Each structure stands twice: as structure tokens, then as C-alpha cells.
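In: with the input below, show me the fold.
(one chain, ligands or ions: 6)
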Amino acid sequence: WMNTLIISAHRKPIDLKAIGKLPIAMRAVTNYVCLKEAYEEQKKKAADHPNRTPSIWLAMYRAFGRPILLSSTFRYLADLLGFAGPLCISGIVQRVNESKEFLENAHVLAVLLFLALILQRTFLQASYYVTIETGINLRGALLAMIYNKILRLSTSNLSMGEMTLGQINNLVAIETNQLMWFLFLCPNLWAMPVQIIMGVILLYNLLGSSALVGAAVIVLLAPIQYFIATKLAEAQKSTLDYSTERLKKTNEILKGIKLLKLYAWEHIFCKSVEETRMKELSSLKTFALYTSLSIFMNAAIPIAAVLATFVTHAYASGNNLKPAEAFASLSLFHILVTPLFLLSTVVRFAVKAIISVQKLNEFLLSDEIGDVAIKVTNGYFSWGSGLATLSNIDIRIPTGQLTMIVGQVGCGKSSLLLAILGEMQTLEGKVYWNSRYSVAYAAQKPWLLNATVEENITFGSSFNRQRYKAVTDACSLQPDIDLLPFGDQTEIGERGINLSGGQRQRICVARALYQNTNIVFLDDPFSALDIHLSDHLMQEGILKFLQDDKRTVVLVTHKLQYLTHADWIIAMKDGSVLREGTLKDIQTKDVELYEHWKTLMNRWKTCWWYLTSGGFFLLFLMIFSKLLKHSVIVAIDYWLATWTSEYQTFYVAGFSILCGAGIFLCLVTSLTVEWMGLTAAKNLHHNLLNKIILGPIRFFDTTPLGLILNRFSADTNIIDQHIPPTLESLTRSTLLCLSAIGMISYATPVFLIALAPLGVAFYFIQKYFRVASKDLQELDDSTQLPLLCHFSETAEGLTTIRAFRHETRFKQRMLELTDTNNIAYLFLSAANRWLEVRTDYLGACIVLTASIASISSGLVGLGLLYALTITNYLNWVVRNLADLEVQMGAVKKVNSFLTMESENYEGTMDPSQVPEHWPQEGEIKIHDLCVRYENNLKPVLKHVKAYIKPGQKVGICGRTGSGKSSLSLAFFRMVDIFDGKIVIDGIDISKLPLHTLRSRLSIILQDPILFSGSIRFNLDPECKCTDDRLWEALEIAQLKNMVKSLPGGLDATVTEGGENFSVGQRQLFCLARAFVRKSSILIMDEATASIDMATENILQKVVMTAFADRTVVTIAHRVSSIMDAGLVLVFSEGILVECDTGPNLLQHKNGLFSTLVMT
Ligand SMILES: CC(C)CCC[C@@H](C)[C@H]1CC[C@H]2[C@@H]3CC=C4C[C@@H](OC(=O)CCC(=O)O)CC[C@]4(C)[C@H]3CC[C@]12C
Ligand SMILES: Nc1ncnc2c1ncn2[C@@H]1O[C@H](COP(=O)(O)OP(=O)(O)OP(=O)(O)O)[C@@H](O)[C@H]1O
Ligand SMILES: Nc1ncnc2c1ncn2[C@@H]1O[C@H](COP(=O)(O)OP(=O)(O)O)[C@@H](O)[C@H]1O
Ligand SMILES: CCC(C)(C)/N=C(\NC#N)Nc1cccnc1
Ligand SMILES: [Mg+2]
Ligand SMILES: [Mg+2]
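Out: Numbers count the residues shown, from 1 in each chain. Ligands and ions are numbered 1, 2, ... in the order given. Right below this line is the structure:
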């Protein structure tokens, strides 16, 4: 059925429309239902038997076994028909050398052998088809299971450090695929034992008791292999672990690369990554050594068994083997060797699949979530640690009114929102929803999908243009969407163009405002926005747009100024509600709280590269040693054939030495390919990481994180664990096939003729496959990436998926995507099997031609002996060549990144001319600075001239987009400085090597970036600082008491992204990280964006007292903060409108500073 599609590949590239829809019984829906029923039946037995964990294996079996039984039936028939070549060759040799007389005609037996071979190949391929069908069905079912699990796991699992979003991505990408491949190969595990045993029985029939000796030597494969497997298992587990850890670090390095670079710590984190990589490579080396030992055993136990059998026969049966007995025995030994070719692969994949299924079982047994709109009574909600973060929560969110939940950093605002939404463990009390009706949740950390602006804003609703315009204008996104490549259809989020923090937060708030649900939980919508955007959003989006619909709005804001427009105020302190009521009620009951609020408001070449990565000697050793090994093997076969055909101590001794050489060469050839693979993997990963780290920040901003992290994650896996086995099998099969053809052509010269036409045939089929395959390959890739993406974007932002209660829609989307990917992979496998079947028929034609040529004298028998195995090893050559082409494509992907640009770290000034303490006085002097982020972009900064005196506190304030951050980054030479000079303390910063300009200046970015590890690791990765310095910095940052009360102490774990602390606490950790460095110039960029007014006030006072001598330049979120500063530089569209003292610019009425101050 494929033939037509393959030939159509030329005229019309095969697309998903040329490809058909998946059958009814192959859809992910039905397979998922079946597997879920089986897994739940296994679960039922967990309660009956103590510690009886549900086994994914028995569920898989109950759901998809019978197809595997049919496949194994086909494989058994394939083996029984494969035990026909022995008889046919024996009869051919008997008759050529010389009603049961018609049958002995060598030509009749040649025809029968051809028929038996084609039938055997047909049955083997039928087994393969059934198995790949079952394996694809099972991959679909398991993806659906893990997805419906992701939609139920508790957020505490990711927040408390149990698992990582990266681990789930890894599950989906790698581990299910490995299980699928093992299932593809699984029938061998019970078809190879049967075949080898049956062949040993027939060897007993032919030779006699002698065969039993060989039989014993064959059975030793079973213990040995088992042992090997165990060790491999261990190694693999270790590998996995380290890999995970390493990737975690890599991921973080790629997300926080801007902070690492600005702090000059890039190399330290890179070195930690490299150490974890060294551990992973040690694990992989153990794995590879045991793989090579596996290959040695599988290839040498045949040789030793042959030696033992035939020497035992030489010294047991005085009667010599007649030529027919000899060739029958040698042919049976070849039939035994054939299954042992793939034994290494099956044991390897079975071990890896056992490990992957352990991981999948663990993940499928993880923790899962359990006029007043919402009335909470006596709630003690906790965040999974058994320690109540909210205690005695008594709240009432009145229907159709505005509830503002206000408190200082870490008072349970987001915690209370997620408690009402039910994402955190309940310990007492109840939440009454006058059974959660869908609530539109704007999370503190905005979560954007990979779709367009429009798709993110609508988010599962019909496009009502009136509502869309109203929302997009209330959020003030309209001036921002048009500047994008495509107005509203531009791709947002990861795998698309990256918006600024304010833009993304406003997309999130627009999404929340658009959905037609009765309740809207907005969590800190006014953090990234400046005063103008926030005020517009409040005055239109919340006070007007959401009050026309009478929707119940719950606002989590640090902006006390907006409290005057609130109907209900919930004041939070230390996880409890101090006071709940109207402004007047709080004024009467809690006088001091109202007074405090008032005070606060102041009121291929890739293949050659891979082979030669090992120094040009491992390639030579591999190829030469393999050639000599196979020379010895052919010599052994010829020795047996001739010695037994002609019919002594001489013969025994010669055969013994040949077999010993064969075993030694087996060892030598086994080690080479694995050593090559290890060397290449090490070199490739080292180069990739080094070149990524040293890249310019522009490269990271322009390119999606997806591509780089995909390289590191899943291309290194291919280079490590998939290229070496494929290459080894390719080389062995190709040598076997070339040697066969050579032996046949030397025995029967005329065979050369048949070789050329058939060769042509081979060529053509390759050609056709190699076009169609590629097309289908692309489809596979193009279908698989969205799928993974979906998983990712549902794992991250799960609270939003389950706050809007759009779980069903997302489940259906996943089902659709997995069905499409399954169609793609099914037809890729179909092209593969088309090629394999055509090559099998080509091989059968070779067997027939060689047979007929030989029939019309021991050399010509050996010719047929090899003709038989041509059929198997040609198939293997072709399959492995295709796989190797794909994996060399992966190698190409890795090698592509080695031509990136590098930041010019060298610099011009000799390090001697740079004083030991360069920023001593800390006197910045900007002269006519012009700055554009990338080449050929309008100058974000134009003609900036300012002179900051030593110890002159400077404020910078302007509308969002005035390039204040561009100056902040210009001090560190990240934005390209076309013209002008920033002379800091006597040295032009353009000359200094970057690691002296980045190292001696400290910046606090608005976005908090916390790296996984201890608090100590995030405050100083170098571990130089004394504990007292860390405590000093934490006290300045107003986080000393919380860390004192943290369990671990100053070693308390900080889960990935600092998710176990509130956003404000993350920002304060960043402030402390900047404070430890004790540099002389401190550029704080909106450092108090997420910090409430009280903590902001006290922290500003303390940071000003402690860093009085240093020069601090603060880009102010509130212009009120920098009113008391010696110098104030107000930017407006890249130009400094005025540069004077605070009081002077304030005195001049109708000025930009005075305007901002008045507002
Ligand atoms: C030698 C002839 C007769 C058959 C060739 C293959 C067989 C020897 C069978 C019998 C024992 C089987 C092996 C014994 C058990 C394992 C370990 C298994 O991994 C584990 O058991 C997990 C590791 C652990 O036990 O801790 C992977 C399959 C494998 C290699 C089996 C693969 C197929 C084997 C080698
Ligand atoms: N995802 C989380 N998992 C576990 N514990 C958390 C998580 N988020 C916060 N906490 C804990 O909750 C305590 C209170 O933080 P909370 O989540 O209420 O912050 P918030 O007040 O909403 O944030 P902000 O300071 O931005 O207003 C913090 O001490 C932190 O230990
Ligand atoms: N990573 C970037 N790459 C290229 N251009 C940028 C980048 N970030 C900001 N810009 C541009 O620079 C201008 C000012 O941005 P920014 O420096 O963030 O202002 P702010 O003072 O609000 O930080 C914007 O109008 C935007 O077009
Ligand atoms: C049985 C082991 C000896 C060395 C006696 N013979 C082999 N070993 C292999 N491989 N013969 C062979 C040749 C070509 C293709 N397949 C098998
Ligand atoms: Mg909050
Ligand atoms: Mg900014």
C-alpha cells in the first residue's frame, strides 16, 4: 500500500492531507480508555496487598497483549521457516558434489529455498507490523495517561522540589519513546530462546552427543547476559539521574543568562554543569563497557561453541563428517548466530525501558489536588509541608463588588487566592461557593501560550470584536500590539517573539478580563506596569469594564492609593486576616491600620566529523580490526568446510589458533566503536556548552530557549546512547554482506553478472525511500514539536488551566495532537517497512541466483552458506544506515551552534593599567551616549550627557519605553554603544575587558532570577563570602528574620526559579545578592516593583544608610522614591529631557518630573 505514496513523494511532497486519518481503533482516545481501565484494575489490588504498587507492565499487558501474541506467532513461524536453509544447502551440496528422487535435484531445492526464504521474510515483517502498530497505540495511550495526570498533579510537587517541569518534558520526549522502541523489539525476547534451542536440537540430530558441548557453551549466554543486564541497569539509572541534574542546571543557565553575564558568574555555573557532565560521562562509560562486553560474549560464544563442538566430534566420532553433515552443521550454527546479532540491542533496550517505566510509574503515582460569592470559614490551608501558611482564615468576598486583598510581602494574598481556587492542601474549615464556578485568574507570574496575541486574550471564547476592542483598550495594549511584526497575529511566548514584562502581564490581564466568568481573581496586575498604564487599567478595566458586568473582582495590590475605590478590603498579616471590611469599618475598628496606610501614602561531512572526532586513530583501529576479525571468521568457516569435506592433530591445532585469534579480535573490535562514541559525545557537549555561554545576550533574546535547550536535552541523548549501537551494527552487517558477496563471487564467478542488475535495483529503492522517508521524517518532527510544546505549556501555568476550568478543552487538544503525531510516525514506519521488504526480496533473489550459479567444489558450497545470511544482514545494513542518517542529522544540529558570535572579552587596556580598585571614587561621566540594542535599530538612547559625582545618589524616571534600562545595561556594555563614552572613575568602559566591568559593578534587574540550590548559593556562588557578610546583606534586604526562622538555616533550599518564596521575597533575595558584592556603583533597576510600600520605604532607608559612600542610581517605579536624590535624570523617548537636582526639577511646574510627582 505504501508503494503509491512512496512514488508520489516525487511529484507531490507527502503532507498530512496526502496522509490519512488514523483508524477508529488506533485513535489515542480508545487506547487511553483501555489502558486507564487496566491501570485502575491494577490499582484496585494496591489496597488489598500491602505495598503493592500498580505495575505499568501488567496494565500494558492487559491492554495490548493479544496483538503481541499474534506478532510472536508470526515470529515463531519465521523461525521455523528459517530452519529450511540448512536442509536446502545440505541437499544442494550432497547432489552437486555427487518420489524422493525428484526432490534431490539441486535446482528443485534451490527453488524451494527461495520460496521458504520469501515466506520467512513475509512472516517476520508481519510480526514487525503488528508490533509497531501495538507500540504506537501504546505510546498514544501512555501520553494521554501522563497528560491527564499533569492536569491533576499538585503544584506543591513542583514548588517543594519533588519534580521539575523539565522532568515532565523529559518523560514525554524520551522515556515513552524508549518504551515504544523496546516494545518494537520485545518479541525477540521470547523468539530468540526458542530458535536457539530448536537449532541446538537439530544440531544434536546432525552431529550427535558432541553438539551438547556446544549447546552448553551457548547456554552460558543466559547467565552472563543476565549479569551484564543487571550492571547495565545500574549504570543507566545513574546516567539518567546525573543527566536530569545537569539539564536542570543548563536550563537555569539559559533562563538567567542575563543575570549571570551582568554578574560575571557565567563561567562558574558553566563549570558546575561540566562537573555534573563528567559524572554523567563516567556512568555512560560504565554502560558502554558493559555493552561492549555484551557484544564480545554474543560474538565469541558462537565461535567457542563451534570450536568445542567440532573438536569434541573430532575426538569422539572416528567416523568423519561427510560434506553434507558438515555444511548442515555449519549452516545451523549460522542460523544460531543470526538471532545473537540482535541480542545486544534487545538487552540494552529492555534495560533502558525498565528504567523508563520505573520513572513513568513513579510519575503516575504522585500527589494530586484534593450576598457572598466565596465564604471561607476556619480555614488552615497549607502548602504541602504540613505547616499552616494560612491560619484562621475568615473571609467574605461579596458578590458583584471589588475586594482588595492588601498586605506586606508574604502575607498570604496569592496563597489565599490559590486556597480559594483549591490548589493547596486544606487542613480545616471550608470554602463555600454560593463546586467551583470558573474564575478568571491573572497569576502573579504571567503565563502565555504559544499562540497569537488574539488566542491568548480570547483563550477559549468566540471572537466578539466589541469585547476584544474594549479589553485591548482597557489594558492599553493597542499601542504595543501594532508595533509587533504582525499586529494581533504575531506568535507570543516561548517559540515566538518575546514581549516585555509589562506587555506580558497586560496580555494576562486582558485574558482575565475577556473570559465571561462571574469572578475575576487578579493577582498583582499593577506590578510591571508603570503609573500611567496601571492607572488607566484601574480606571477603565477594573472600575468600569468589570463593573458594567457586575462581576466579582478580587484585587491583590500593593497600591494603597487605589484602596479608596474598593468596596471590600481584606488586610493580611503573617497568614491571617487582621481586618475585613469597608474603609470606614477599618477606620473605626482598627484605627492603627488605617493610620498606617495613611502614613504610607504620605497623606555527509557530519559523519566524517563524528568518526574522526577520536583523533584519526580510533577510526583506523575500528575499521582495520573489524576487517581482520571478519577475515578470521571467514577463515574459520572455510577451515570447517574444507576439513570436513576432504574427510588429525594438525587440523585441531590450526582450528584452535584460528578460533583464539577470532575471540581476541572480537574483544578488540567490540571496544573500538564504544570508545569512539564516548569520545565524540564528550567533545560535542563540551564545545556546545562553551560556545553557548560566551554568546552575546542578543543571541539569547532573538533565539527561542526551545532550540538551545532541545539541543542540550535530546540531541546529546541521541549522540550518547543511540549513535554507537547503530554504528556498530551498521559496520558489522555491512562487513558481513560485503564478505558474503565476495565469497560467493569468488566461488561462482558468474554471480558478478547477477550482482550488477540487482545492484541497480538496490540503488533505485534507496533513492525512492530516501526521498519519501525525508518528507515523512519532516512531518514527524513538525508534528512532534507542538505536542511536546502543549505538554510544557500545560505543566507551566497549571493553576491557570484549572482556574478557568478549561481542562476538558486541553485534554481534547492533546488527544488531537497525539493522534496527528501518531499518524505521522505510523507512515514513517510504513516507509521503513516498504524499504525493508523490498530489500528482503532483493536478498531472496540473490540467494536464488547464487544457488543456481553454484549448482552449475567446497568453495561453491561456502558460497551458498553465505548466500543464506545475505538476506538477513542486508536488511540490517539498510535499517541501520537509515537510523544513522537521522542521528547524524542530530549531530549536525549540534555542530551548527559552533559558529555563534562571541562577546569580545579580550579588551584593549592591559590589565596592569587598570588599578586594583578601579571604581574607587565611583564617578560616572556619560558623554554624548547613543545606544541601540542591535545593529540597524533606532537609537533607544540619544545624546545622553550626565556627570554623576562620587557618592551622588541619582534617580532615573520616565514613561515605560524611555530607555532607562538601556542606560542601566550600557554601564555594563550589553546594549551596543554606537557613539559616546561612559568614563567611570577615569577609565573608558569600552577598553576594559568585560570581566572587569561586569565584576566591579552591581545591578539589580526588575525580574527576579533565583537559581536552584541553597540561599547561600544564590547569594554568592563562589562561596568566598563569610557567613557574616551574607547575614549583613540579608538584614539590609529585610529578609533576615524569615531566613532565621527557615528550617534549613542559611542553607534552606530554593527550588527552581525560587517558587517556594513569594515574588517579593525573590526580588529581595536579588537585592541581597547585589548587596553582598559591595561594589562601588549600584544600579538598581525598578528594584522595588513587587515590594509593598512599607517594606519599600524601610528598605530604601536602610540601603541608603548602608551604601551611603557608594554611588546608587535607581530607576524608580514610583517617582516619589527618588524625589530625595541629589541628581534626577528624567528620560523621555531616549533623550534626557532635563538633568538637575530633585528640588529644582520639582520647583519648575509643568515639567516632566513635576508632572510625574503630581501624579
Ligand atoms: C541464551 C539464549 C538461550 C537466549 C538469549 C537471550 C536469553 C538468555 C534471555 C534469557 C535471560 C534474559 C535476560 C535476563 C533478564 C534481563 C534483565 C532485564 O533487566 C532487569 O532485570 C532489571 C535489572 C535488575 O534486575 O535489577 C532486561 C532483560 C534481560 C537482559 C533478559 C534478556 C533476554 C535474556 C538474555
Ligand atoms: N508555591 C509555593 N509553594 C510553597 N510555599 C509557598 C509558595 N508560594 C508562597 N509560599 C510560602 O507562602 C508564604 C507567603 O507567601 P505568599 O504566597 O502568600 O505571597 P504573596 O503575599 O502572595 O506575595 P507578594 O509578596 O508578591 O505579595 C511565603 O513565606 C512562602 O514561604
Ligand atoms: N531586548 C531588546 N532588544 C531590542 N530592543 C529592545 C529590547 N528591549 C527594549 N528594546 C527597545 O528599547 C526601547 C526602550 O526599552 P527599555 O530600555 O526597556 O525602556 P525602559 O526604560 O522602560 O526599560 C523600547 O522602545 C524597545 O523597542
Ligand atoms: C559460528 C562462529 C563462526 C566464526 C564459526 N562463524 C561465523 N561467525 C559470525 N558472525 N559465521 C558467519 C559468517 C557470516 C555471517 N554470519 C555468520
Ligand atoms: Mg502577590
Ligand atoms: Mg525598565
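In: when you work out contacts or count neighbours from here on, use the C-alpha atoms and nothing else.
Out: OK.
In: any idea how far the closest residue to ligand 2 within the chain lies from ligand 4?
Out: With CA to the nearest ligand atom, the shortest gap between the chain and ligand 2 falls at residue 412, namely 2.8 Å. With the distance defined as CA to the nearest ligand atom, to the nearest Å, residue 412 ends up 70 Å from ligand 4.
In: with adjacent residues omitted, what lies nearest to that residue?
Out: Setting aside the residues directly before and after it, residue 412 is nearest to residue 575 in space (CA to CA, 6 or more residues apart in numbering), at 5.0 Å.
In: which residues in the stretch 51-200 of the chain form helices?
Out: Secondary structure of the stretch 51-200 of the chain (DSSP state H, counting those that start in this stretch): helices at 56-82, 85-97, 106-150, 155-159, 165-170, 176-185, 188-206.
In: sorry, back to before: residues near the residue of the chain closest to ligand 2, how many?
Out: For residue 412, the count of nearby residues is 25 (other CA atoms under 10 Å).
In: does it touch residue 391 like I think?
Out: No - checked against CA atoms under 8 Å, the pair residue 412 and residue 391 is beyond contact range at 9.8 Å.
In: shared neighbours of those two, anything?
Out: 575, 576 (CA atoms under 8 Å, 6 or more residues apart in numbering).
In: where exactly do the helices run in the stretch 351-500 of the chain?
Out: 413-420, 453-458, 465-474, 478-481.
In: what parts of the stretch 151-300 of the chain come near ligand 2?
Out: 156, 159 (CA under 6 Å from any ligand atom).
In: in JSON lines, list the helices of the stretch 51-200 of the chain along with mean neighbour count.
Out: JSON lines is the format used below for the helices of the stretch 51-200 of the chain (neighbours: other CA atoms under 10 Å):
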{"stretch": "helix 56-82", "mean neighbour count": "19"}
{"stretch": "helix 85-97", "mean neighbour count": "21"}
{"stretch": "helix 106-150", "mean neighbour count": "21"}
{"stretch": "helix 155-159", "mean neighbour count": "19"}
{"stretch": "helix 165-170", "mean neighbour count": "18"}
{"stretch": "helix 176-185", "mean neighbour count": "22"}
{"stretch": "helix 188-206", "mean neighbour count": "18"}
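In: between the helices of the stretch 351-500 of the chain, which one is nearest to ligand 1?
Out: helix 413-420 (41.9 Å).
In: just checking, what packs against the closest one?
Out: Applying 3 or more CA pairs under 8 Å, 6 or more residues apart in numbering; DSSP states H and E, we find helix 413-420 packed against strand 402-407.
In: tell me which of the helices of the stretch 351-500 of the chain sits nearest to residue 1060.
Out: helix 413-420 (11.4 Å; CA to CA).
In: how distant is the closest one from the center of its chain?
Out: In terms of CA atoms, centre = their mean, to the nearest Å, the centre of helix 413-420 is set 31 Å apart from its chain centre.
In: tell me the buried residues in it?
Out: Burial within helix 413-420, assessed by neighbour count using 16 or more other CA atoms under 10 Å, is assigned to 413, 414, 415, 416, 417, 418, 419, 420.
In: just stretch 677-685 next, same as before
Out: Of the residues in stretch 677-685, those buried by neighbour count under the rule 16+ other CA under 10 Å are 677, 678, 679, 680, 681, 682, 684, 685.
In: just those now: which is nearest residue 1034?
Out: Relative to residue 1034, and with distances defined as CA to CA, the nearest of the buried residues of stretch 677-685 is residue 685, at 37.4 Å.
In: let me know the distance separating the closest one from residue 608.
Out: Note on residue 685: its distance to residue 608, by CA to CA, to the nearest Å, is 18 Å.
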